[PDB]
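All remarks here apply to the structure that follows.
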Amino acid sequence: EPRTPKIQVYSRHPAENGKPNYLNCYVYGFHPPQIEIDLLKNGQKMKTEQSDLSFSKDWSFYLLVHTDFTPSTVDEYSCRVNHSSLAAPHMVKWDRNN
Amino acid sequence: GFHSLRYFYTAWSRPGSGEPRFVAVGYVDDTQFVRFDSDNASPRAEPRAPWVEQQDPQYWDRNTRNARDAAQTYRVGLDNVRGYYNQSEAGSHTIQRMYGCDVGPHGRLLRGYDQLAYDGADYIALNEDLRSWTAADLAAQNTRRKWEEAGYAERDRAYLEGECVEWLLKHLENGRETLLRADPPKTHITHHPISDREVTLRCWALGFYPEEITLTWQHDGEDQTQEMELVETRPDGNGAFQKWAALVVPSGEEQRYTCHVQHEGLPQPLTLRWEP
Amino acid sequence: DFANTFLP
């Protein structure tokens, strides 16, 4: 019955190390609406900003969670997502080719 | 070829918390402009776009009262629909509403819609005649009869042909630089080898508006839509969108494949090819 | 401008 969310973790601009950018985590295609979305650096959650819950024509919702960040060779960024359709929280590491 | 003013409602409950949560958003084409979330301390109808920012005092005072009362009828409606399906009172269920109007060249109303969904499945929907409803279930017939005897279709037909068209025309005029904007995408093809005989070609399309775009891979003219792995269009954050289409090809044959992009921001469709 | 919210 519940629909599994699909996750995309990417940056707004073509990223270069040390240059400030905007990290984004785009979660979509899920149901029920209540979801846990977190952007982490080196395993700890960051202060995020989440858009307002809208849905597509197939009645599945989408959400955008974004923050400011500086791509670095020392720090690795991720995105955690927990849903009722998942047995355990999923994680997607960010890479410039995403 | 047309424009859209669309609203989205969402009401859902959960065990323990009791009082459900209501969220309402409004979009003009692919750009939102209004927000209402009941989780705020004193929930108002808040703007999201710089062209609805001005407006007039009553527009925010009335739509706040409209959205606040809309939050109340849909928390009662959640229990009503649950009772129609006769489900336990301790669970968690959702109600979604999607109404809007598509307008053409000179104010022509091409199509008006107003549909509801319960637990992700279609529940009630207004027909294209805009005078009667269609019901998916038999439990939804309780809502259909209630909306039939109340004459809510005549009310719905008056909004979609009147206020929905004029406000979309008002939005398009006041946000012309944002709504009627047609930004073309910056495109390029990256090349990721994956195995001894396979590489991956990823055809990118970045920073474009509106959202409607076509990304197609072709092998010497033959369409490869079935063999491609298309990704969903994602918002870049600053009002634009991004998209890429992948394809696994034999190693050494990357020059026999071409990516074709189509977007209203480009006067002619593009045809790209990978260069080392 | 929101429309008339009908109660299911």
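Going through the structure tokens in order, the chains are called A, B, and so on, while each chain numbers its residues from 1 and the ligands are numbered from 1 in the order shown.
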Would you give me, as a Markdown table, each residue of chain B having an atom within 8 Å of an atom of chain A, along with its shortest atom pair and that distance in Å to one decimal, using only C-alpha atoms and sorting by chain and residue number?
| residue | atom | partner | partner_atom | distance |
| --- | --- | --- | --- | --- |
| B:8 | CA | A:54 | CA | 6.4 |
| B:9 | CA | A:54 | CA | 7.9 |
| B:10 | CA | A:54 | CA | 7.9 |
| B:12 | CA | A:33 | CA | 7.8 |
| B:23 | CA | A:53 | CA | 7.0 |
| B:25 | CA | A:54 | CA | 6.8 |
| B:35 | CA | A:52 | CA | 7.6 |
| B:93 | CA | A:32 | CA | 7.9 |
| B:94 | CA | A:32 | CA | 7.2 |
| B:96 | CA | A:59 | CA | 7.7 |
| B:117 | CA | A:59 | CA | 7.4 |
| B:119 | CA | A:32 | CA | 7.5 |
| B:120 | CA | A:59 | CA | 5.7 |
| B:121 | CA | A:59 | CA | 7.5 |
| B:234 | CA | A:26 | CA | 6.7 |
| B:235 | CA | A:26 | CA | 7.8 |
| B:236 | CA | A:12 | CA | 5.0 |
| B:237 | CA | A:12 | CA | 6.5 |
Using only N, CA, C and O atoms, please write the residues we just selected to a file, as an mmCIF file, in the first residue's frame.
data_model
loop_
_atom_site.group_PDB
_atom_site.id
_atom_site.type_symbol
_atom_site.label_atom_id
_atom_site.label_comp_id
_atom_site.auth_asym_id
_atom_site.auth_seq_id
_atom_site.Cartn_x
_atom_site.Cartn_y
_atom_site.Cartn_z
ATOM 1 N N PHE B 8 -3.137 22.742 -4.265
ATOM 2 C CA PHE B 8 -2.960 21.404 -3.719
ATOM 3 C C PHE B 8 -3.260 21.430 -2.230
ATOM 4 O O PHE B 8 -2.676 22.229 -1.491
ATOM 5 N N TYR B 9 -4.167 20.561 -1.793
ATOM 6 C CA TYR B 9 -4.511 20.416 -0.387
ATOM 7 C C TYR B 9 -4.011 19.073 0.131
ATOM 8 O O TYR B 9 -3.943 18.089 -0.611
ATOM 9 N N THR B 10 -3.663 19.040 1.414
ATOM 10 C CA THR B 10 -3.213 17.807 2.053
ATOM 11 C C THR B 10 -3.595 17.849 3.523
ATOM 12 O O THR B 10 -3.222 18.788 4.235
ATOM 13 N N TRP B 12 -3.737 15.032 6.858
ATOM 14 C CA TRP B 12 -3.450 13.682 7.316
ATOM 15 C C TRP B 12 -3.312 13.678 8.831
ATOM 16 O O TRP B 12 -2.838 14.646 9.430
ATOM 17 N N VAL B 23 -2.049 21.256 4.988
ATOM 18 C CA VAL B 23 -1.087 22.020 4.200
ATOM 19 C C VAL B 23 -1.724 22.348 2.856
ATOM 20 O O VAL B 23 -2.306 21.469 2.210
ATOM 21 N N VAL B 25 -0.919 24.568 -0.852
ATOM 22 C CA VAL B 25 0.037 25.272 -1.696
ATOM 23 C C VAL B 25 -0.629 25.609 -3.022
ATOM 24 O O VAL B 25 -1.524 24.897 -3.491
ATOM 25 N N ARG B 35 1.293 29.737 0.565
ATOM 26 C CA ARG B 35 1.528 28.682 1.534
ATOM 27 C C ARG B 35 0.537 28.809 2.680
ATOM 28 O O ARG B 35 0.198 29.919 3.106
ATOM 29 N N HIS B 93 -4.576 8.319 8.206
ATOM 30 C CA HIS B 93 -5.083 8.379 6.844
ATOM 31 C C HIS B 93 -4.896 9.785 6.288
ATOM 32 O O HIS B 93 -4.712 10.750 7.033
ATOM 33 N N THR B 94 -4.949 9.889 4.961
ATOM 34 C CA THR B 94 -4.640 11.128 4.262
ATOM 35 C C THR B 94 -5.769 11.494 3.308
ATOM 36 O O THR B 94 -6.446 10.623 2.754
ATOM 37 N N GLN B 96 -6.216 14.313 0.024
ATOM 38 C CA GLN B 96 -5.579 15.268 -0.869
ATOM 39 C C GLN B 96 -6.614 15.845 -1.824
ATOM 40 O O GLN B 96 -7.514 15.133 -2.280
ATOM 41 N N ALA B 117 -8.530 12.608 -3.255
ATOM 42 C CA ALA B 117 -7.942 11.286 -3.113
ATOM 43 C C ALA B 117 -7.857 10.923 -1.640
ATOM 44 O O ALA B 117 -7.523 11.766 -0.803
ATOM 45 N N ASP B 119 -6.110 8.199 1.002
ATOM 46 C CA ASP B 119 -5.036 7.220 1.195
ATOM 47 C C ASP B 119 -4.294 6.939 -0.109
ATOM 48 O O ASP B 119 -3.906 5.803 -0.392
ATOM 49 N N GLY B 120 -4.093 7.984 -0.912
ATOM 50 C CA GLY B 120 -3.370 7.867 -2.158
ATOM 51 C C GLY B 120 -4.178 7.379 -3.340
ATOM 52 O O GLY B 120 -3.721 7.523 -4.480
ATOM 53 N N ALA B 121 -5.357 6.806 -3.115
ATOM 54 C CA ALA B 121 -6.204 6.318 -4.191
ATOM 55 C C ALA B 121 -7.258 7.359 -4.549
ATOM 56 O O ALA B 121 -7.712 8.128 -3.697
ATOM 57 N N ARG B 234 14.251 17.560 -11.268
ATOM 58 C CA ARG B 234 14.514 17.999 -9.912
ATOM 59 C C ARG B 234 14.662 19.514 -9.852
ATOM 60 O O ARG B 234 15.227 20.118 -10.771
ATOM 61 N N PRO B 235 14.156 20.158 -8.799
ATOM 62 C CA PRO B 235 14.334 21.610 -8.662
ATOM 63 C C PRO B 235 15.747 21.939 -8.197
ATOM 64 O O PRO B 235 16.250 21.357 -7.234
ATOM 65 N N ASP B 236 16.388 22.883 -8.891
ATOM 66 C CA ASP B 236 17.751 23.259 -8.537
ATOM 67 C C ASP B 236 17.806 24.115 -7.278
ATOM 68 O O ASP B 236 18.863 24.194 -6.644
ATOM 69 N N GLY B 237 16.700 24.756 -6.908
ATOM 70 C CA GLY B 237 16.666 25.562 -5.704
ATOM 71 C C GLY B 237 16.309 27.014 -5.942
ATOM 72 O O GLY B 237 15.609 27.627 -5.131
#
Pick out the residues sitting within 8 Å of residue 76 of chain A, and hand them over as a short mmCIF file (atom, residue, chain, number, x, y, z; two decimals) with C-alpha atoms, in the first residue's frame; count only C-alpha atoms, and ignore anything fewer than 6 positions along from it in its own chain.
data_model
loop_
_atom_site.label_atom_id
_atom_site.label_comp_id
_atom_site.auth_asym_id
_atom_site.auth_seq_id
_atom_site.Cartn_x
_atom_site.Cartn_y
_atom_site.Cartn_z
CA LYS A 41 28.04 16.10 6.97
CA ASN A 42 30.47 13.52 8.38
CA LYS A 93 26.17 10.18 -0.42
CA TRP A 94 26.60 13.34 -2.47
#
Inset, instruction - From a DSSP pass on the backbone, collect the residues of chain A flagged as strand (DSSP E) and hand them back as a PyMOL selection string. - result: chain A and resi 6-11+21-30+36-41+44-45+49-50+54-55+61-69+77-82+90-91
Atoms to include: N, CA and C atoms. Write the selected residues as a compact mmCIF listing (two decimals), in the first residue's frame.
# COMPACT_ATOMS: atom_id res chain seq x y z
N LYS A 6 11.78 8.00 -3.69
CA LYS A 6 12.98 8.03 -4.51
C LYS A 6 13.79 9.28 -4.16
N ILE A 7 15.11 9.13 -4.09
CA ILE A 7 15.98 10.14 -3.51
C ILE A 7 17.01 10.57 -4.54
N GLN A 8 17.21 11.88 -4.66
CA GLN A 8 18.28 12.47 -5.46
C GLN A 8 19.02 13.49 -4.60
N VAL A 9 20.34 13.34 -4.51
CA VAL A 9 21.18 14.25 -3.74
C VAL A 9 22.16 14.90 -4.71
N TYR A 10 22.08 16.23 -4.82
CA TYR A 10 22.82 16.95 -5.84
C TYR A 10 23.08 18.37 -5.35
N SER A 11 23.84 19.12 -6.15
CA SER A 11 24.15 20.51 -5.87
C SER A 11 23.52 21.41 -6.92
N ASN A 21 28.46 26.32 -2.28
CA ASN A 21 27.42 25.87 -3.19
C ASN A 21 26.13 25.71 -2.39
N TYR A 22 25.16 25.00 -2.96
CA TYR A 22 23.87 24.76 -2.31
C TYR A 22 23.52 23.29 -2.46
N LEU A 23 23.58 22.54 -1.36
CA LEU A 23 23.26 21.12 -1.37
C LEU A 23 21.75 20.93 -1.33
N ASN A 24 21.26 19.99 -2.14
CA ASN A 24 19.83 19.71 -2.24
C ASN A 24 19.59 18.21 -2.15
N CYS A 25 18.51 17.84 -1.47
CA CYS A 25 18.05 16.45 -1.41
C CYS A 25 16.58 16.43 -1.82
N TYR A 26 16.30 15.80 -2.96
CA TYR A 26 14.97 15.80 -3.56
C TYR A 26 14.34 14.43 -3.36
N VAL A 27 13.34 14.36 -2.48
CA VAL A 27 12.62 13.13 -2.17
C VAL A 27 11.23 13.23 -2.78
N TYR A 28 10.79 12.16 -3.43
CA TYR A 28 9.55 12.21 -4.20
C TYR A 28 8.99 10.81 -4.37
N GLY A 29 7.71 10.75 -4.75
CA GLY A 29 7.07 9.49 -5.06
C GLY A 29 6.70 8.64 -3.87
N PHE A 30 6.45 9.24 -2.72
CA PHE A 30 6.18 8.49 -1.50
C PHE A 30 4.77 8.77 -0.99
N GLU A 36 10.93 11.56 7.23
CA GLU A 36 12.11 12.11 7.88
C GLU A 36 13.19 12.30 6.82
N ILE A 37 13.60 13.54 6.61
CA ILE A 37 14.64 13.88 5.64
C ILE A 37 15.69 14.72 6.34
N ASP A 38 16.95 14.30 6.24
CA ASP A 38 18.05 14.99 6.91
C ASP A 38 19.26 15.05 5.99
N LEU A 39 19.93 16.20 6.00
CA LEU A 39 21.19 16.38 5.30
C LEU A 39 22.31 16.37 6.34
N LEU A 40 23.27 15.46 6.17
CA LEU A 40 24.34 15.26 7.13
C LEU A 40 25.70 15.56 6.50
N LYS A 41 26.63 15.99 7.34
CA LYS A 41 28.04 16.10 6.97
C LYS A 41 28.85 15.33 8.00
N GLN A 44 26.78 13.83 11.05
CA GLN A 44 25.96 14.65 11.93
C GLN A 44 25.01 15.51 11.12
N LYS A 45 23.78 15.64 11.62
CA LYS A 45 22.75 16.38 10.91
C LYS A 45 23.07 17.87 10.88
N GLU A 49 16.43 23.43 5.46
CA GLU A 49 15.20 24.13 5.09
C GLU A 49 14.42 23.23 4.15
N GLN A 50 13.17 22.95 4.49
CA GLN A 50 12.34 22.02 3.73
C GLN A 50 11.18 22.77 3.09
N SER A 54 3.85 19.26 -1.44
CA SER A 54 2.98 19.18 -2.60
C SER A 54 3.07 17.78 -3.18
N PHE A 55 2.19 17.48 -4.13
CA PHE A 55 2.14 16.15 -4.73
C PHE A 55 1.97 16.27 -6.23
N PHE A 61 3.64 12.47 -3.12
CA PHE A 61 4.20 13.75 -2.70
C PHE A 61 5.67 13.87 -3.10
N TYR A 62 6.16 15.10 -3.07
CA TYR A 62 7.58 15.39 -3.26
C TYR A 62 7.99 16.48 -2.28
N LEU A 63 9.26 16.44 -1.88
CA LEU A 63 9.79 17.40 -0.92
C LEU A 63 11.23 17.73 -1.27
N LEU A 64 11.61 18.98 -1.06
CA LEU A 64 12.97 19.45 -1.31
C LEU A 64 13.57 19.94 0.01
N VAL A 65 14.71 19.37 0.38
CA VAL A 65 15.45 19.78 1.57
C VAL A 65 16.82 20.26 1.12
N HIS A 66 17.17 21.49 1.49
CA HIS A 66 18.38 22.12 0.99
C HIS A 66 19.07 22.88 2.12
N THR A 67 20.32 23.24 1.87
CA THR A 67 21.15 23.97 2.83
C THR A 67 22.33 24.55 2.07
N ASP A 68 23.07 25.41 2.75
CA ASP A 68 24.34 25.89 2.22
C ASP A 68 25.47 24.99 2.70
N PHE A 69 26.49 24.85 1.86
CA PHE A 69 27.60 23.97 2.17
C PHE A 69 28.77 24.30 1.26
N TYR A 77 29.34 14.47 2.39
CA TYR A 77 27.95 14.83 2.63
C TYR A 77 27.02 13.70 2.20
N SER A 78 25.86 13.62 2.85
CA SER A 78 24.92 12.53 2.65
C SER A 78 23.50 13.08 2.73
N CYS A 79 22.53 12.18 2.68
CA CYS A 79 21.13 12.54 2.92
C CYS A 79 20.41 11.31 3.45
N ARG A 80 19.88 11.40 4.66
CA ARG A 80 19.16 10.31 5.30
C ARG A 80 17.66 10.48 5.09
N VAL A 81 16.98 9.38 4.79
CA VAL A 81 15.53 9.38 4.57
C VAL A 81 14.94 8.16 5.26
N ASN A 82 13.94 8.39 6.11
CA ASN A 82 13.23 7.32 6.81
C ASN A 82 11.75 7.42 6.50
N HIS A 90 17.41 5.02 4.71
CA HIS A 90 18.30 4.97 3.56
C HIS A 90 19.22 6.19 3.55
N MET A 91 20.39 6.03 2.94
CA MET A 91 21.39 7.08 2.85
C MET A 91 21.93 7.16 1.43
Inset, instruction - Do a neighbour search on residue 211 of chain B at 8 Å with only C-alpha atoms, toss out local chain neighbours closer than 4 positions, and write the hits as JSON, numbers by chain. - result: {"B": [30, 233, 240, 241]}
Could the residues in this selection be saved with N, CA, C and O atoms as a JSON list (two decimals), in the first residue's frame?
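And here's again-v5.json as it stands now:
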[["chain", "number", "residue", "atom", "x", "y", "z"],
["B", 30, "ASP", "N", 4.93, 26.30, -13.02],
["B", 30, "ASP", "CA", 5.86, 25.53, -12.20],
["B", 30, "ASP", "C", 6.49, 26.37, -11.10],
["B", 30, "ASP", "O", 7.60, 26.08, -10.65],
["B", 233, "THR", "N", 12.61, 15.04, -13.04],
["B", 233, "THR", "CA", 13.03, 16.44, -13.04],
["B", 233, "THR", "C", 13.11, 16.96, -11.61],
["B", 233, "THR", "O", 12.17, 16.82, -10.83],
["B", 240, "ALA", "N", 14.75, 27.14, -10.97],
["B", 240, "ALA", "CA", 15.01, 26.40, -12.19],
["B", 240, "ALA", "C", 14.91, 24.90, -11.91],
["B", 240, "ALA", "O", 14.53, 24.47, -10.81],
["B", 241, "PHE", "N", 15.25, 24.08, -12.91],
["B", 241, "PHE", "CA", 15.15, 22.64, -12.79],
["B", 241, "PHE", "C", 16.37, 21.99, -13.44],
["B", 241, "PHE", "O", 17.12, 22.63, -14.18]]
Inset, instruction - Could you list, as a PyMOL selection string, the residues of chain C having an atom within 6 Å of chain B when counting only C-alpha atoms? - result: chain C and resi 5+7-8
Inset, instruction - Enumerate the residues of segment 94-200 of chain B with a DSSP assignment of helix (DSSP H, G or I), computed from the backbone, and present them as an MDAnalysis selection string. - result: chainID B and resid 141:149 152:174 176:179
Write a file of the just-selected residues containing C-alpha atoms, as a compact mmCIF listing (two decimals), in the first residue's frame.
# COMPACT_ATOMS: atom_id res chain seq x y z
CA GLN B 141 -20.99 7.70 -3.23
CA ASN B 142 -21.79 9.09 0.22
CA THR B 143 -19.70 12.14 -0.69
CA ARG B 144 -21.11 12.24 -4.23
CA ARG B 145 -24.72 12.30 -3.03
CA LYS B 146 -23.82 14.91 -0.40
CA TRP B 147 -22.18 17.10 -3.05
CA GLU B 148 -25.00 16.46 -5.53
CA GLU B 149 -27.83 17.50 -3.20
CA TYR B 152 -21.47 22.13 -5.24
CA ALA B 153 -20.87 21.50 -8.95
CA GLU B 154 -22.55 24.77 -9.93
CA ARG B 155 -20.35 26.45 -7.31
CA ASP B 156 -17.30 24.65 -8.71
CA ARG B 157 -18.17 25.60 -12.30
CA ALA B 158 -18.44 29.25 -11.25
CA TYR B 159 -14.96 29.32 -9.69
CA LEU B 160 -13.09 27.54 -12.48
CA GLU B 161 -14.58 29.81 -15.17
CA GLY B 162 -14.49 33.04 -13.15
CA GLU B 163 -12.07 33.63 -10.28
CA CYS B 164 -9.62 30.92 -11.37
CA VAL B 165 -9.16 32.44 -14.84
CA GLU B 166 -8.88 36.06 -13.70
CA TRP B 167 -6.41 35.38 -10.88
CA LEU B 168 -4.20 33.34 -13.21
CA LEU B 169 -4.33 36.21 -15.70
CA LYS B 170 -3.55 38.57 -12.82
CA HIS B 171 -0.60 36.41 -11.74
CA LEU B 172 0.83 36.09 -15.26
CA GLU B 173 0.72 39.86 -15.79
CA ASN B 174 2.29 40.74 -12.43
CA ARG B 176 5.72 38.32 -16.27
CA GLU B 177 9.51 38.25 -15.82
CA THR B 178 9.18 35.09 -13.68
CA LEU B 179 6.24 33.17 -15.19
Inset, instruction - Can you work out the spacing between atom CA of residue 248 of chain B and atom CA of residue 200 of chain B in Å, to one decimal? - result: 4.6 Å
Legend entry - Near-residue 17 of chain A list (12 Å; only C-alpha atoms; drop same-chain fewer than 6 positions) as a PyMOL selection string: chain A and resi 69-76+95-96
